[PDB]
Structure formats: C-alpha cells, structure tokens
J.: 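Here's a structure for you.
Lettering follows sequence order; numbering is per chain, from 1. Values reported hereafter were calculated over all heavy atoms of this structure, with side chains retained and with hydrogens, waters and symmetry mates removed.
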Amino acid sequence: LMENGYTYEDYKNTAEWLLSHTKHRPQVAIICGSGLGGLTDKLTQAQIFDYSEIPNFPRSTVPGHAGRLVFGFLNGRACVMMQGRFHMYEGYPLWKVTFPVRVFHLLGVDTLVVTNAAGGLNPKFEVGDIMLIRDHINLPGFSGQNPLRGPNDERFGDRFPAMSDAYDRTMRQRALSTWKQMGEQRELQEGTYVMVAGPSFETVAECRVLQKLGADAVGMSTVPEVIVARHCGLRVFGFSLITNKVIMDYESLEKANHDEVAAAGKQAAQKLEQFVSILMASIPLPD
Amino acid sequence: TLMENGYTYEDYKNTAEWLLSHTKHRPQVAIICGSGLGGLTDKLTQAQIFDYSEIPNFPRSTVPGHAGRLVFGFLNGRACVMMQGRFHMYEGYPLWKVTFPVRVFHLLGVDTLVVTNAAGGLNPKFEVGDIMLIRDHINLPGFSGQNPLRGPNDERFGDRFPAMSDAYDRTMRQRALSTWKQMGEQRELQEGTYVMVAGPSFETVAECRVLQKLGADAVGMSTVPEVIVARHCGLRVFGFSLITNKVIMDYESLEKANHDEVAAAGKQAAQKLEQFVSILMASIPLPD
Amino acid sequence: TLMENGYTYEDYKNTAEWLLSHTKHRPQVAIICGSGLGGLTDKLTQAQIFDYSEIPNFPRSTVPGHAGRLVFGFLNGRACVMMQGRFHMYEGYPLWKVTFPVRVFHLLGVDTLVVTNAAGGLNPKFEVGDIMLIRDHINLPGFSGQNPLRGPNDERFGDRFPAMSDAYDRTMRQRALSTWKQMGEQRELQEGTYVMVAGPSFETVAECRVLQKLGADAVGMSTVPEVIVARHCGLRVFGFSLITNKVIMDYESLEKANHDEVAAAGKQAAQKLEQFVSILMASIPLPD
Ligand SMILES: Nc1nc2c(CN3C[C@H](CO)[C@@H](O)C3)c[nH]c2c(=O)[nH]1
Ligand SMILES: Nc1nc2c(CN3C[C@H](CO)[C@@H](O)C3)c[nH]c2c(=O)[nH]1
Ligand SMILES: Nc1nc2c(CN3C[C@H](CO)[C@@H](O)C3)c[nH]c2c(=O)[nH]1
C-alpha cells in the first residue's frame, strides 16, 4: 500500500508534546510561504520551537523558509504560525508535507490560513498584488498524488470528502469589504490557484495550458494542506502574493527566477502583516 | 529502483488454476461491479461465491458498497464471472494490484470484460439515474506515469505498445444502443467520454470546469486501468457508468458530492441495470 | 521515504572519467537518437562504439529500435557523442535514471544537447515524414511530480528552481529556418510544441483531442526530462521530432497507432534526416 507512514498515535504524540511544552492554545494556524516569514514578527508573547525539536516533524529545505513553529497572539487571536513549509519537490511525500495540519487539528485549531508566493497567470494581475484564493486545481491530485491516498482514518474524517466548498465564503466576503481599510491603489484580487509540482518553472506553452484551464495563479504548494484541513473539518482561508508574471510569449527575454520571488516578498512584508492582522478580527470566535 | 509489476506470470497462473480447481464454472464474460452496483449478481443462476480473502494473491475491497466477493454463474444463460466490488488506487493499491483480476480472467478463458461504475455527471444533459455507454476515456493518471503497463512488458499477455483508440467495442455499442428499445424506458441511452481522476476527494468547481473543457461527460476514480490491461491482453471491452450525481459547477450551490448519495442512487437504479446487462449478454459473441 | 536521485555526484564523475580514459574523442555536442533514428550514427567518422552494458552506471535500452550504444566520432567535422537508443519512464526507469547520461555529458565537456524523437502528429497540417523543430514542450508528468530534479538539489550541477521558458535555443531555431528557406525547399520546416505523455499505451481519440486543445502539435513519451536536466546544468538545447504517424482523431477510422509504422518512418526519412542534421550541426556555435 502507498499509504500514510504516520499512525494516529504519531500525530497524537506530537500534539501532546507541543501541549506539554507550551501554555498557548491556538485557535488559528497560519502557514507562511516563500519570503512571507515576517508575518511572525507582530506576534505578542511569542514562543518559538525549531522544527528539529518537535517529534515527527519534517525538516525545511528551501531558502526564505526558516523551519520554525511559533505560538502567540496576533491582534488578540491565539495563533500558531509555520515559519516555512514543506514541498513535494524537495522529495517529501504528501503525507509528510501535510503532517502539521493534522497536528494542529489535534491541538484544537479550527481555522487554517494558508499563504504562498505564486506566479501571475491572469494578465490583469500585477507584481505585488494579493489574490484571495477562491478555489484550486490540484493537478497532482488528478494523477494520484493526494495526501489522503491509503487507508482512511475515521478519527480525522470521511473516506470521500467534498472540496467544492473548500475556501470559506464568509471570510472571503469580509476580506473584500475590509480591503477599504488599507486605502491601496490596487484592489484585492480573487481567483483560482493551480498547484504544479516543480521545482523547474513553467514553459510558455505550459503557462498557456494553465490559463486555458482557468487558473489565475500558479505555485508549488498549499493545495495538499487545504485538502487535509478540509478532511478534518478546518475552516480554510487562503491567499497568494503575486511575485512575478509568468512568461507567456516567445519574444520576452525575462525569466522566472527565485531572487525576484524573494525580492517581491521583502517589498510586500508591510502590506501582508497589516492584511493578516486585520483578517484575524474577521475570523469567527469558537463554539 | 525499477517500478514494475510485483506479480510474476506464475502468480496470475496460480490464482487462475486455484479458481478452476474449486469451481466447475468456466466463464466467458467477466463483469466488474462498481459503487452501489453489487446487485448486478442477484440474477445469476447456479451461483458460486468466493470471498476475495480466500483467493490466493487477490487484494481486499476496503470501500463501503463493495462486498469483496467473486461470483461465478449464468446471466441469461451466459457463463459469467462477476467482481462484486473492485479496487481503487485511492485505497493505496498500485495499478498493478488494482488490475490483478483482469489478467486472472484472461488466464481462466474470459474473452469479454464488462466494466461498470458509478460516475459524476459533467455533461448537463445527463440526469441522476442515467446510464452512459462509455464511448471512450481520458486517462489523466496515465499521462503522468500511472499506467498499469509500466515496467517490463510480458509478451505472454501482450504488446509493449498497445493501441487504445478502439478500446470500447464499436459493435456491442451499436447493438446496445439499438437494443435499448427493448426496455421501454423514458430516458434514452446516453453515450460519452469517461475521465478518471485518482481521488479520493471530490472535485472543486474549478476542477469540474477543467474536466468539462477537456470534453469529459462523466468522472470517476476507477475502470480505466482495468480497460487498459484488458485491451493489452486481447479482451473485448464494453463499459457503462451510472450517473449518480451532477458534479457541482458553481460556487453558490449548497449541494455536495457524497458517498451516501452515490450508494443510494446505485440501489435505486438496481432493477434497471440488471435488466440492461441481461439483454446485453445476448449481443456478446461466442468464440469460433 | 524521501524521493531522491539515487546517484551521487561521484557516480557521474566515475562514468565520465571512465569514458575520458577509453576514448580520445572530446565531444562538444551530444545527440540522443530516438525510435528508428539510430541510423543517424552511420555518417560519423573515426567512430568508436561502447555498448551501454560496458559503461559504469549506464542503464539499458529495452525497446526495439534502440540499439543501446554510445558512439563517439566526427559528424560533419564536429566532435560528437551519440546515444543510439535512449531510456523511457514506461520501461520502469525513474527519471533520474532516464536522464543520467545528460550529466555525464556535461562532465565530459559537452556544451550542446540535441534531442531527437519519433512523435505522433496532433496538428493536422503535419504529414508523416515531416521533421518538426521543437520550439517548446508541455511536461504533463512534471505537473504531477514526475520531474527528474525532484529531491535535494546538487548546486554542483545547477540551481534549485531553473527556468524553462527559454529551453529550446531561439538562435539555432532562427538559423535552421533561414537555412531551409535559403535552400529553396518545397516542403517547409514544421515548428511546434511537443507534449510528453508517460505511455506505454497509445492515446484514445478523446485523449488526442485533449492534447490538441492544450496547444500541442506532437506527442511522445520521452525527451522532456533530458531537456530539463540539460538546462539545469547549463547545456544549450535543440530538439526535433520525426512525425511518424498521425494520431487517430475520430471514431470512424480503422487505423491504429503501432510500433512497426514508427520504424518504417525512420528508414524512409533517412536522407531528409541526414540533410537536416547537417544544417543543424552547422548552426551550433563553437566554444570560446
Ligand atoms: N510554479 C510556479 N511557482 C511559483 C512561485 C511559488 N514558489 C516560490 C518558490 C520558487 O521561488 C517555489 O516554492 C514555488 C512563485 N512564482 C512562481 C511561478 O512562476 N511558478
Ligand atoms: N471523481 C468522482 N467520482 C465519482 C464517483 C465514483 N466513485 C464513487 C466513490 C465515491 O462515492 C469512489 O469510488 C468514486 C461517483 N460520483 C463521483 C464524482 O462526483 N466524482
Ligand atoms: N505517445 C505517443 N508516442 C508516440 C511515438 C514516440 N515513441 C515511439 C515508441 C512507440 O512506437 C514509444 O517510445 C513512443 C511515436 N508515435 C507516437 C504516438 O502516436 N503517441
């Protein structure tokens, strides 16, 4: 069987270890993507764990991803923040990539906020823009790479969970209204995020495929975390920072490259911090 | 470091010889029964039942509404073997396990495979309860590497590079379409393209729109691997889907795909499916 | 459980040193010959042949029409190494084995990779026997995780996240087309997008239609992984396909894709292929 290497008991031990070693009790988990680790600077009463301390955690390998779990309060809300994440392209199976999401469920988290860098496929997008994720296209999932493959553990969720309501309608409505409170020249964009495995960037022909399929942005993460979160009942909210426009003609001499991506994160850090801090107020209270 | 079939020729043959030893039945036609369609075995005569767990080298069905039994008998006087329950790659099985029984059926003497499944309707003219004849398929996992024929080719089964443009028998499709009049149902017999996705999660709205843009009429998580292995070894293949739900294609809808609704639409379409298959048996050729 | 390249840097280095000691040839250009295109080695002078089986760490070719030899020599006065036969993921090889020679060629001092293949024509204006210059590719297995660069990156070869938008060298492409015009050719040179599918089974009609809708002009089961590895380590890349057959795009045809027709095409195209390879070799810049 191509199954989950972790048992329920493995997820439980990691959860109990974290509950022993901190007094924090997060309601919200935030996964910070490529060059968005500055979202953990505004946390009050921060307690930090390195991923290598925490039993059963995977290592973080990619530049701009620190490898640190941080508990704290963000604008009043009890939060846990993954400073850096795991990617299929680093060689991890998807049951390792998504291991933290289930641990968070067992801590008592009820809301997952997922952030990423993404390449812009919709031509109306501009570098620096923030796109709310209305929906995704899980290209690896079509082929068999789904983190729920293998035996289903009823203790987390259903054998066959729906994803047609994955991205919380209500939190999206509130973040569109709230957008007035940043007075930005640019509007809050909304669209479909497509996951591709990477780690190489898209050809022009691939870019046009993705546009034709109806995607507005592209990246190499996030979707598996969303599936596992919806499987175990988490409210999910997501956004992408558009870090580059994907090359869509043969004439251009520009090329996607990681430095440009990291650089668009340094520029946007102020705007995101403020966006996320306001978002926290729009999250429903528990129970 | 080689990604190959974990069964040897000898494993298939051993399983086939075990089966031939423990039954007097000698099936000509194999029928694979999908989700909610296990009632297709109800009208077999002189039935003999094996549990999958008794049969050497056989995998286990882990999905609700797949009984996990191999049933030999007579359907409208034709010698059949029926898989009451099937396997899926979402369960953890490699495609070489999922398709194990198709090659066993070849070694037993079977020459025609009937595949059935439940499917989500993507074509808006389909209603819940419709039967779709599978004209063709789109093998999305196959594009990316997940093909049951990956690895060394065994010439005892078939060619290294089998064609699939003729996978679903053109003559039985003519005969089944013209035969439909024999049941005097309100809906006509639907026809279309089946697309496989791995699952086990259901589609997002954006994914539903992808599959519609690609030209699929219905979506499921099975069948295609079985059909590829069947064509590779020379089997004639006929397929159909029961449309159990319309896949959600807009953000406003309250409706959600779920297994209980799928299984219930299965049992509602019970009588009707048994009857269609029974009459279909009369259109399958004998050897010689 | 970590899904990584099974070769160390020192495996590649050992294979490269072994080749450097066993031949005096010092190639600048590597050419990978695909199905039925092994005849491109005939015009090499001062040829020195190695069977893949005698070279350390080399995989084996298992497909008919792939001789399994590495040939060093001069092709039109330019120092080349030719793979007479390549490896495919459908044989069961992981993509890090499929692409193993590309990095060996880098360490031998090669600076240009030419990739050739047979392909099925999707664009209806292509005829059997056409040569299509590859302007671009669509890596369908790559979308799903089947990428030869997956796992830890070795900085000794290249970057973690390499760009592919400029993979097929534009200048070589321009020169090849100018030259073909300057010759005053009747049948103009085709240019288009190659899509990789895993195989080994050929496409259904519905699958052919999907690949047309995605913007692909030609379909095969190779090439793309080699190009990705080539670009990762700084090689200049040029590809072309021989269109060996037209992909079946309607249900009324009785034709079927088959391997025999693919070999018949290669022998038939031999003079055309030689002429094109000459044009192409004279388009490759010299080192400084
Ligand atoms: N596929 C893809 N991903 C990204 C990303 C997202 N990640 C950023 C990082 C490479 O800079 C990888 O983890 C992918 C930003 N831009 C792009 C792009 O153009 N394409
Ligand atoms: N992908 C998909 N498959 C199905 C199926 C077919 N199978 C039914 C079962 C889930 O109920 C799985 O084995 C998939 C029915 N409806 C749908 C759908 O809407 N989508
Ligand atoms: N996928 C695909 N590949 C090819 C090829 C390329 N290879 C030729 C060989 C089978 O003839 C495999 O390695 C694939 C030629 N024609 C076709 C086709 O119609 N389809």
J.: Among all residues two or more places apart in sequence or in another chain, which pass the side-chain contact (heavy atoms from CB on, under 4.5 Å) test with A:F201?
T.: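 Only A:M220, A:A256, C:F161 meet the side-chain contact (heavy atoms from CB on, under 4.5 Å) criterion with A:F201.
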J.: Taking C-beta and beyond as the side chain, do C:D250 and C:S253 meet within less than 4.5 Å on heavy atoms?
T.: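 SC-SC contact between C:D250 and C:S253 confirmed.
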J.: With sequence neighbours excluded, tell me which residues meet salt bridge (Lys or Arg N to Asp or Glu O under 4.0 Å) with B:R209.
T.: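 B:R209 satisfies salt bridge (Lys or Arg N to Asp or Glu O under 4.0 Å) with no residue once adjacent residues are dropped.
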J.: Run the side-chain donor-acceptor check on residues 120-127 of chain C: report pairs under 3.5 Å with partners two or more places apart or on a different chain.
T.:
unit_1 : atom_1 : unit_2 : atom_2 : d
C:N123 : OD1    : C:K125 : N      : 3.1
C:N123 : ND2    : C:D217 : OD1    : 2.9

J.: Under the ring pair (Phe, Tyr, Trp, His ring centres under 6.0 Å) definition, can you give me all pairs with a residue in residues 260-279 of chain C, not counting sequence neighbours?
T.: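 Of all non-adjacent pairs touching residues 260-279 of chain C, those that pass ring pair (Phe, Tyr, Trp, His ring centres under 6.0 Å) are C:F240-C:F276.
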J.: Test of understanding: with side-chain contact (heavy atoms from CB on, under 4.5 Å), list the residues that count as partners of B:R160, not counting sequence neighbours.
T.: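 side-chain contact (heavy atoms from CB on, under 4.5 Å) check on B:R160 returns B:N153, C:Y90, C:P200.
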J.: What pairs with B:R231 under side-chain hydrogen bond (donor to acceptor under 3.5 Å, both in side chains), at least two apart in sequence or on another chain?
T.: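 Applying side-chain hydrogen bond (donor to acceptor under 3.5 Å, both in side chains) to B:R231 gives B:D166.
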J.: Do C:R103's NZ or CZ and the ring of C:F157 fall within the cation-pi criteria of under 6.0 Å and 45°?
T.: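 Yes - C:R103 lies over the ring of C:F157, closer than 6.0 Å to its centre and within 45° of its axis.
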J.: According to the salt bridge (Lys or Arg N to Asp or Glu O under 4.0 Å) rule, which pairs have a member within residues 190-204 of chain C, sequence neighbours left out?
T.: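 For residues 190-204 of chain C, and leaving out neighbouring residues, the salt bridge (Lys or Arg N to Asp or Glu O under 4.0 Å) pairs sorted by first residue read C:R135-C:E191.
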J.: For residues 258-271 of chain C, which side-chain donor-acceptor pairs fall under 3.5 Å, sequence neighbours excluded?
T.:
unit_1 : atom_1 : unit_2 : atom_2 : d
C:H259 : NE2    : C:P64  : O      : 3.0
C:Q271 : NE2    : C:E274 : OE1    : 3.4

J.: For A:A197, give me all partners under side-chain contact (heavy atoms from CB on, under 4.5 Å), at least two apart in sequence or on another chain.
T.: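 For A:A197 the side-chain contact (heavy atoms from CB on, under 4.5 Å) partners, ignoring immediate neighbours, are A:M88.
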J.: Sequence neighbours left out, what passes salt bridge (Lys or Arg N to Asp or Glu O under 4.0 Å) with C:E226? Give chain and number order.
T.: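 Checked C:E226 against salt bridge (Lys or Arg N to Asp or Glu O under 4.0 Å); matches are C:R86.
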J.: Using the side-chain hydrogen bond (donor to acceptor under 3.5 Å, both in side chains) criterion, which residues pair with C:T204? Sequence neighbours excluded.
T.: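 Partners of C:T204 under the side-chain hydrogen bond (donor to acceptor under 3.5 Å, both in side chains) test: C:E207.
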J.: List the residues meeting side-chain hydrogen bond (donor to acceptor under 3.5 Å, both in side chains) with C:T116, not counting sequence neighbours, and say none if there are none.
T.: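 By the side-chain hydrogen bond (donor to acceptor under 3.5 Å, both in side chains) rule, C:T116 matches no residue at all.
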J.: Are the aromatic rings of C:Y52 and C:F87 close, with centres under 6.0 Å apart?
T.: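 Distance test on ring centres: under 6.0 Å, yes.
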